[PDB]
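Protein chains in written order, with the deposited numbering: chain C, 1 to 68; chain A, 1 to 195; chain B, 1 to 796; chain D, 1 to 796.
Note that the Cβ used here is the ideal one computed from N, Cα and C, for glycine as well.
Okay, so here's the structure we're looking at.
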């Protein structure tokens, strides 16, 4: 059951089930913060309402985009 | 006489007597740092107290490993083994491998087995690894393929110059669950080695 | 958005299109009146336009200096001020702004940014203050407060090892007390990494304290109940010896030995302990054998026992060791350590009792290296050369031991004859042709060619060594020393591919270290950090790192290549060294790869004069390079003025001849005379440079003197400040002969080798060559490489 | 220069300085006779001196209002006229001066200042006009002319989304056509942001057109050759469905999945398209498995395939999903969505077939949340409580759901007994000690302590949630609802640190939003602008913002603090709300954090009665604050008369009793009677306020009823217009009576809490605590918290 939510800085602790993927890049903290500062609305996550947040990480994916 | 010492980051300046060997890989500077950072305690060097460090590097070799997997597949992986030319054929290479066994069979690691990948053509390493009680678990087809070789498309064509042996020693805790006598017949793709 | 402007303003500054910049910043300043960041930007644009017109004090010191009252919490404003102050060499002000920024606007982020910035700057003091600020505001951080106290201790640890000169005697005790107490308050320790740092704090900051050694032994011994750690092994052994407790030393070694740790350091300290415990020799010997069995150490343990218990090695312990090791390559090393206690005739008798079938190649090598029989390397090689065809292609032949013995003996001569240098080369090449992976003979072939200046064939050899990564720091000196005057070929793979690739260590890996350094602190890998701290300091100061850059500046000068970019890195590299607050160079060159006494060899063996480089020679070359940049402006710089006062307070001319070649010294003196004296004495100085003889007997000096002459005169001819006619008459006239001679020298050099070949064929050289069962190689191939080298010279 | 002059006049103007103001303005008008600015400043000084003496029509409306003939292009005169008209509530006149200024003195600068002012005032109609003038004078601008037509289109979209009530139907059609035509003339589009704005104009302003849907599908489909954009994904999926073209929907979903987008919305629309194209179930399944592999979404795609092709989920698809997800938290959420198509006995059969070792804590939580077995939460908690000791400290505990089922069941009762609430607290405190970061149990603890009026114990948990920034708008209702009457302690960190820091969102970040929206326009970040406008509107209208402001005014009366700045801010915030042309409040509170069916829980659960605030309750509280401010002058204000006319047309006492507590309603009627009727019935209303019962069974209402009476009576005792000596004696006697009963009220409540405790150790409560292995803590903590509240209340 997927809802689309803003990506918050503290969600970087909750992305290991996405980011342990061999093709997914784990950027420096500074690079995630740059996207959050410049394009706060174009950094968002898919969250699964089927997964209790307390029990495990409910982030199923994310988008990082910019306007230029 | 060989004493076993922690490998210090600066020892990479003192490993030329080890690393000019045509078969020993000088990994990127990034790569050496990774192993110490995540798994500092298993990254150690063999030192000769007989060799004066003021005049010559006393490092006779060093061991690079990682621990991986979960539950039944929790194991230590032997990534690289080298011994300075002056100290070969005197069973130092066995000692480092045995030194892992004492170090990984106990807390905090308590690994179920130790594995390593060796080229199928490396009869010298193969006989060495067999002799300490490691057994071949499977043959990894195309493990060492270059970008030009591409991904192996079929398990039927095998090349002892290009395939690697998945070589395993089961710990007593594993009850030989992770080893098999017939593993030389079992073939897999490089992507099927996952932990 | 902050970033997007910064490149654009700097990119307009870098093109000197200043005029629009103030409009754009003014447009930003109307939009953002409160952003200090843009006010700092205004100063930075200001300074770049006319440094001597903008008052550094009025615009920077009062707002931002060591007493600056204008404090901002904007990380971007602080970062830009820092980089500006560093660019001015105001390294104390550069990090002072962060301390004041963090003092006025304390936050986890700002405390973290300050720690990271101080980390880049090698300011080991500033981490210790920065680390403490994180601990207070760790509640918003991602690591437990406990980590930051260890970070402070490691920062305190870092200062004491590398920056002790920065600490007053009262401060050291205070930091020593602070480090220990902050770690005490975190007990019990959670992991082995924490225990090591506490042990590290105690051992180095409280040396020789009886209580400290007792505490470390107690905590370390208790950890060995469950786990095995080699750092705790090292800590416990040191302090238990300091405790002079034979009982505890035996207990410690026994407990560690029973765990399966075959260690000679454990065995010796076990052996040392038992004697003081009056344990019988046989009791210790059996106990070691029972727990460790037959190993290299345990057989040698019998020898150590014999010396410790009877002051002589007994025949029984030696023979038992020798029974398995007499024909192992480690044998000579093991026994030479005990040479002082071993009767040579007793050893000689045993080595002669072995069967002729067991007296293999390695057995004879041990005989040779032990000095038990006179040198018979010629006959031994001929006896054992037949092993070369049966050994693995990847296996190293011990036959090199015999051939290198010949090679060293000829090379120990203070002044090797041209025939003598070729004689070694001829011997080694046919062996390398049979032993292509033997680096021992290969390096000498490498070394011998460079002395003759025949770089291309040695480079043919270097590529097979597959030198990469850290080996470039320790091994490149054989071929990248003075490259600008040995082989100035920009199109050769030697420079374009090999030299370029070897620089990646210094240009990319060195830059990358802080990000790796950061993670280790966050990953609590503290035990490696202090060794990890060491690498960078050596790497900036690395003899190879500095030499290659300075030689490349001369090479880029000789080739008339653009040097504006090259100097900027040099100034950045110089600034990076200065911020460390300890200006020195680090000799990382591995001379031990060639010979065991090579430290003795360097000062006496002309074979390595081409590689003879010291700190003084490195420092002198830098000053020459820094001068060259100032020459077009013709002003004396405080930077040069400060450095020249750091040179030894002697008359200049002796210092040069002691660290530089005669031609380099004569060139060096010339550059000062325009800089210091506006060039009054160039007429005599140029004449002296020209008089320096270029003779066919100087080997590598043939190329070196020619190209040093070429590089100097071209630089002067390019120097638009020289207006005096008659000096200009000589400069262009001097160049004119230099181009003319370019071929006269090379033929004489080309002529000289051929007679040496004829010398080699005859007399002592040829008769050994018949004895060697090796036949002299073909002169023309050597001639072509020289005539290739000669071809390169004309095209210059 | 101007701003210092304004500050000195206005600086004087805060005091007013009428004589010195006129002397200074008279000098400035002599120096600058043509500067309209100093004449406008003189009119403002006049109005501030004696509002009712200056003819608004003659001095402002006739020269500068909607029919004004006095037009200026001076930006300072326009900004000061705007701010003056806003202060007068003349919002149409405020931006009209810029429109007239720009008509007479057209410039890029004046059009840009007008656009920026219209953005600050939320006047999207005037932003649309200003953007067309920017396009007309763009040759002196920093952006290409095309940008200002996108700014016009976004302004028209903002009017249509947020201010549709301001548009007549013919004007709506005209603006829609103008927006579409102006963007059509700019093809080809230069970037994806321009395509997004064009698609937004088409989708929102031209609903239900087939031609529009064909145009949006054509432009979006071509962009997917080169890029992947999530806005274009949403447009193409929406409009391909509206076109009812299964073929085109299949092509779109396939192309995006082949680009590597695992998206369940793509997969579901692909399945729906494939079914309509008569593709076989196995073809669609195989194509999904080949292009996306094994994911949560592809396993759930098999359930969607079973539903679309067979109306029921098969055992094979369900067993395949459950094989990886039966012990994943999301499992119950995933299957509950399909509950109408899953056979429950089949699901129970599959869930029971797993090995006892694979039936982990999660698996048992999923069984409970799926309703497959009766509630066995006590035995399930006892089976898995040993996992609390093994988890990472930072991981949240699995067993909490079992305890939250028990707490939710007890709290669903329409009137939970004091023992049932203390039982829930005792269970949750003992659990929170073992799972310290579990925010679900921490949120329930905060709400249960707040229901008891134990604000210090609620605050102890609330600080551990680390609520900051935007979360303060959605979560602060849990502890700051009615704070002026629950815990009036100004010296506590609750108010001095937490409440003050939490206001920075409204005082700093909200005030900065117009700037960030301007930079979004300038950077062409067009896709976010309408959402940034909505975010600003929601924060301006926030229930939490307005409630905190009104409660702080009441708290400042209760503490005898200065209120002039808070009242000034209330009037500025109210004018800012009136400028939106849609005076309403926005409920941004996240109630879903406590339960999913929370909306049903608010209507039934007395547990959140303290936080039960609606738009009418905020509006009535605002009217009460404005009444209290007007009381000292004794004049009826047009503002209060306009606000009272916006209330529902019911009896005022019925309206109050439906939206406020009985004591809040009685307090309102008291202030309203003084305002409307000069206090004729004030004796009976004060007597009614005193009759509102303060009983020990009322929980949070004990402090609330006491402090609302105290705040009312203290406000009356300060009111100089109450001249009747009998009424003044009544107020003082009621204050004395209320202070005298404080200790007996809080001692009565303390005795009730103690008794309810002792009941926890007995019967059903004692058995449940024993079954859970939960110790009833010491009542001492409760008693101390209530005594701290009692001391704070008694000191007023």
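Check, Outcome
"Quick one: which residues of the region 35 to 65 of chain C get their C-beta closer than 9 Å to a C-beta of chain B? List them in chain order.", "37 and 38"
"Once the 5 residues before and after residue 277(B) are set aside, which same chain residues still bring their CB inside 7 Å of it?", "246, 247 and 250"
"Given residue 402(D), which residues of its chain have a CB within under 6 Å of its CB, disregarding the five upstream and five downstream residues?", "377, 380 and 381"
"Cα separation between residue 211(B) and residue 244(B)?", "13 Å"
"For the alpha helix (DSSP H) that contains residue 68(A), what are its first and last residues?", "First-last for residue 68(A): 59 to 68, but that is the beta strand (DSSP E), not the alpha helix (DSSP H)."
"So with Cβ pairs under 7 Å, would you call residue 658(B) a contact of chain A?", "no"
"When you check each C-beta in the region 574 to 591 of chain B against every C-beta of chain C, which residues fall closer than 7 Å?", "none"
"In chain order, what residues of the same chain have a beta carbon less than 8 Å from the beta carbon of residue 95(B), not counting five sequence neighbours either side?", "82, 114, 117, 118, 121, 123 and 126"
"List the residues of chain B that residue 519(D) touches, going by C-beta distances under 8 Å, in chain order.", "1"
"Just confirm the distance between the C-beta atoms of residue 671(D) and residue 627(D), as a whole number of angstroms; I'd bet it's less than 8 Å.", "5 Å"
"Which chain A residues are close to residue 531(B), counting only those with a beta carbon under 7 Å from its beta carbon?", "8, 9 and 10"
"Please compile the residues from chain C whose C-beta is within a distance smaller than 9 Å of the C-beta of residue 331(D).", "50 and 51"
"Spell out whether any CB of chain B is found under 7 Å from the CB atom of residue 86(A).", "yes"
"Considering just the uninterrupted stretch of the alpha helix (DSSP H) at residue 246(D), what are its terminal residues?", "246 to 258"
"So, does the CB of residue 165(A) fall closer than 7 Å to a CB anywhere in chain B?", "no"
"Between the region 517 to 526 of chain D and the region 566 to 579 of chain D, do at least 3 Cβ pairs fall closer than 8 Å?", "no"
"Along the beta strand (DSSP E) that carries residue 116(A), what are the first and last residues, could you check?", "113 to 119"
"Would you give the residue range spanned by the alpha helix (DSSP H) that residue 148(D) belongs to?", "145 to 162"
"If you measure between the beta carbons of residue 54(B) and residue 67(B), is that distance less than 7 Å?", "no"
"The beta strand (DSSP E) that contains residue 51(B), what's its start and end?", "Element bounds for residue 51(B): n/a, residue is neither H nor E."
"Determine, using beta carbons only, whether residue 500(D) comes closer than 7 Å to chain C.", "no"
"If you measure between the beta carbons of residue 141(D) and residue 110(D), is that distance less than 7 Å?", "no"
"Kindly indicate if chain B contains any beta-carbon less than 7 Å away from that of residue 155(A).", "no"
"In angstroms with no decimal places, state the Cα-to-Cα distance between residue 497(B) and residue 333(B).", "39 Å"
"Ends of the beta strand (DSSP E) at residue 168(A)?", "164 to 170"
"CA-CA distance, residue 639(D) and residue 79(B)?", "52 Å"
"Apply the 10 Å Cβ neighbour rule to residue 186(A) and answer buried if 16 or more other Cβ atoms are within range, or exposed otherwise.", "exposed"
"Hey, could you find the ends of the beta strand (DSSP E) residue 639(B) is sitting in?", "That residue, residue 639(B), is in no beta strand (DSSP E); its alpha helix (DSSP H) goes 638 to 646."
"Taking buried to mean at least 16 other C-beta atoms within 10 Å of its own C-beta, is residue 453(D) buried or exposed?", "buried"
"If you reduce the DSSP assignment to three classes, tell me which class residue 421(B) lands in.", "helix"
"Can you tell me which of the three DSSP states residue 35(D) falls into?", "coil"
"Since I believe residue 227(B) is in contact with residue 111(A) (beta carbons under 8 Å), could you give me their beta-carbon distance rounded to a whole number of angstroms?", "Residue 111(A) to residue 227(B), Cβ: 14 Å. No contact."
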